[PDB]
Amino acid sequence: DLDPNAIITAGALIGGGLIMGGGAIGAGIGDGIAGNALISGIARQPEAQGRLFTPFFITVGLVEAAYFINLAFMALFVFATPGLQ
Amino acid sequence: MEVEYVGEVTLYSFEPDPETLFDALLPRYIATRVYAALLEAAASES
Numbered sequence: 002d003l004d005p006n007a008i009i010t011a012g013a014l015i016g017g018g019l020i021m022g023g024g025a026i027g028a029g030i031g032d033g034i035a036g037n038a039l040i041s042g043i044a045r046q047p048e049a050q051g052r053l054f055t056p057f058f059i060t061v062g063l064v065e066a067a068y069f070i071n072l073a074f075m076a077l078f079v080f081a082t083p084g085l086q
Numbered sequence: 206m207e208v209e210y211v212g213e214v220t221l222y223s224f225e226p227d228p229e230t231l232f233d234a235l236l237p238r239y240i241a242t243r244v245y246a247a248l249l250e251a252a253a254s255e256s
């Protein structure tokens, strides 16, 4: 038989897995690198923290927004699957 | 130059590295001290 909807769901689940895996890798690595920069900057300068948080927040936002877009589209994939009949 | 350790009182950044700067600076410090001695002796001579 191989009900078509079963194949659709399997493909959607694998696609969501890929979306989330890539999003997690990107978010983790980017946040780690930005935090590395922040920690080094604060280590060099005690009071730098106040002004360094601003660019660090910009970077964290730019990375986390990309990750959460992938989150939303995975939710789309596994809950409202395009092309499902 | 015996190293004198005074107890205590944003760290500096050193380009390229502190070791090279120290190596290039010690001879300059010795020359500066010799110059100070020469000036001091000139004043004493006058």
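These protein sequence lines map, in sequence, to chains S and G. Position 56 (the first sequence) corresponds to 57 in PDB author numbering; numbering is contiguous. What the second sequence shows, in PDB author numbering, is residues 206 to 214, 220 to 256, in sequence order. Don't be surprised by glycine CBs; every beta carbon is placed ideally from N, CA and C.
Taken atom to atom, the span from the alpha-carbon of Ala66(S) to that of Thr10(S) is near 27 Å. Using a Cβ distance threshold of 8 Å, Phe78(S) and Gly16(S) count as a contacting pair. In the structure shown, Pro228(G) adopts helical secondary structure according to DSSP, grouped into three states. Taking all protein chains in view, the Cβ of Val64(S) is crowded by 16 or more other Cβ atoms within 10 Å, so the residue is classified as buried.
Residue range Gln50 to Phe80 is occupied by the alpha helix (DSSP H) that includes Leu63(S). Secondary structure of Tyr222(G) (DSSP, three-state): coil. Contact annotation: in the segment 223-238 of chain G, residues whose CB is within less than 8 Å of a CB in chain S are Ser223. Scanning its chain for C-beta atoms nearer than 7 Å, with the 5 sequence neighbours on each side dropped, one finds no residue around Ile59(S). CA-to-CA, the gap between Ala44(S) and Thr82(S) works out to about 48 Å.
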